[PDB]
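# Observations on chain architecture
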Amino acid sequence: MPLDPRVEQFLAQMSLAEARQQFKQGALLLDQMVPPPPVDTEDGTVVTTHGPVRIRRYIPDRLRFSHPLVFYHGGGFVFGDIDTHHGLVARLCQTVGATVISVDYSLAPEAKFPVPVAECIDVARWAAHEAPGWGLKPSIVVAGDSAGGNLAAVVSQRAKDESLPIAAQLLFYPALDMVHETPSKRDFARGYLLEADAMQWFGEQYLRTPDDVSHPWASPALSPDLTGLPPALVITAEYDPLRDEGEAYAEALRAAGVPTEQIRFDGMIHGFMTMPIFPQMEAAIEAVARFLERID
Ligand SMILES: CCCC[C@@H](CC)COC(=O)c1ccccc1C(=O)OC[C@@H](CC)CCCC
Ligand SMILES: CCCC[C@@H](CC)COC(=O)c1ccccc1C(=O)OC[C@@H](CC)CCCC
């Protein structure tokens, strides 16, 4: 099932602080290539158990969905911010007609595992508490892309113990298994934007020691019991190392009686939902909207 022609062409044609700017610079380029919709935003800070975490609450023109979204951005645990993922959250907000809190969680290696996992829970728990004050259901919807998809997944699995109501989880090409090699991983290890060397490195920045790989707050795919987790939208790209662990984990949720929609965007690569030059980005944001209609 061959590459999308638009993605094909993108691939064809190409210090910590330095690489971060570079990645910020790459994002904002795209945001000028394809302007985001305007949206009302508030800046703010949540008092978490690991310090203050900056957040941005998005507010849609029409409010249609009954629960807040909590978005954890990607970037491999080392890159990204609220501004990097403005393009996606903006659209999620307006297309879905929901309130989104984009979380500025602490980055690695200056914060190590499992600090951001903690932050993300505290913020979710904060949003649950705030939700009635906005005229919404206390339940929330966690969402993320890649590393952020990982957090979403982990927050969901801790949700019951942490007494945090979650009505759904949205996983955009997440990382779920740092222990197992998989056909897609292996097969798409170099040349499809997300590479294996990058992934080894990210895991050195993020983890304390190499044994953290088999920890379920790092590898949520390894948790043997998935019964009664929140409904899941699991979106994967075809030519992506993380594709296979994403799809297996979705099959597993489904076998554990968790309402699951899994969707592969054929011909696409990892990161495509923060890459608005592709039509498939907004096609997936449409999938998020449709899925979330079914949650009530
Ligand atoms: C704008 C969104 C895309 C950005 C993308 C980089 C281009 C990052 O997306 C990822 O999913 C990711 C990519 C590379 C490395 C890691 C990840 C990831 O989250 O965990 C994978 C494990 C594997 C050992 C590493 C950390 C181990 C504690
Ligand atoms: C269902 C969970 C997938 C996760 C994975 C890791 C545990 C297990 O994969 C397999 O068991 C597998 C083994 C041999 C051949 C294919 C597959 C497979 O996934 O087929 C995916 C096909 C189209 C449907 C790709 C076509 C486009 C490139």
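Its PDB record attributes the structure to X-ray crystallography, giving the resolution as 2.700 Å.

In the nomenclature of the PDB entry, the protein is known as Alpha/beta hydrolase fold-3 domain-containing protein of Sulfobacillus acidophilus DSM 10332. Each PDB entry has a title, and for this one the record gives "ESTS1 phthalate ester degrading esterase from Sulfobacillus acidophilus in complex with diethylhexyl phthalate". The heading Sequence similarities (unreviewed entry) in the UniProt record of the protein holds the text "Belongs to the 'GDXG' lipolytic enzyme family."

A word on the sheet that holds strand β7 (residues 232-239). An order of β1-β2-β4-β3-β5-β6-β7-β8 is seen for the 8 strands of this open sheet, with the pairing classed as mixed. In this open sheet, the two edge strands, each paired with only one partner strand, are β1 (40-48) and β8 (260-269). Neighbour to neighbour, the strand axes of the sheet diverge by 20° on average, direction disregarded. One ladder, built from 7 bridges, connects β7 with β8; its direction is parallel. Its bridge partner lying in β8, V234 is registered against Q262. Helix α5 (residues 147-158) contacts β3 (69-72), β5 (140-145) and β6 (166-172) of the sheet and is inclined by roughly 150° relative to β5.

This part is about the site of ligand 2. Close to ligand 2 lie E238, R243, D244, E247, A248, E251 and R264, which account for all nearby residues. At 5 residues, the largest contribution of residues to the shell around ligand 2 is made by helix α8 (residues 243-255). Across the shell around ligand 2, the residue classes break down as 1 nonpolar, no polar and 6 charged.

Right, let's get into unusual backbone geometry. Of the consecutive residues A108 and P109, the connecting peptide bond is found in the cis state with omega at 0°. Take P109: it is sitting in the loop between β4 (100-104) and α4 (115-134). Of the consecutive residues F113 and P114, the connecting peptide bond is found in the cis state with omega at -5°. Structurally, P114 is set in the loop between β4 and α4. Phi angles above zero are rare outside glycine, and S146 is one such case at about 65°. Summarising the element assignment, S146 is placed in the loop between β5 and α5. Residues other than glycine seldom take positive phi values, yet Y173 does so here, at roughly 35°. Looking at the element boundaries, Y173 is found in the loop between β6 and α6 (183-187).

Here is what the cut-offs are and how they apply
Residues numbered from 1 in each chain as written, not as in the entry; some residues may be left out. Chains lettered and ligands numbered in written order. Heavy atoms only, no water. UniProt positions renumbered as here; feature names shortened; annotations may be inferred. Pairing = 2+ DSSP bridges. Helix = DSSP H or I, 4+ residues; strand = E, 2+ residues; numbered from the N terminus. Axes fitted to C-alpha atoms, helices over the stretch in contact; angles between N-to-C directions. Contact = heavy atoms within 4.5 Å. Near = heavy atom within 4 Å. Nonpolar A, V, L, I, M, F, W, Y, C, P; charged D, E, K, R; others polar.

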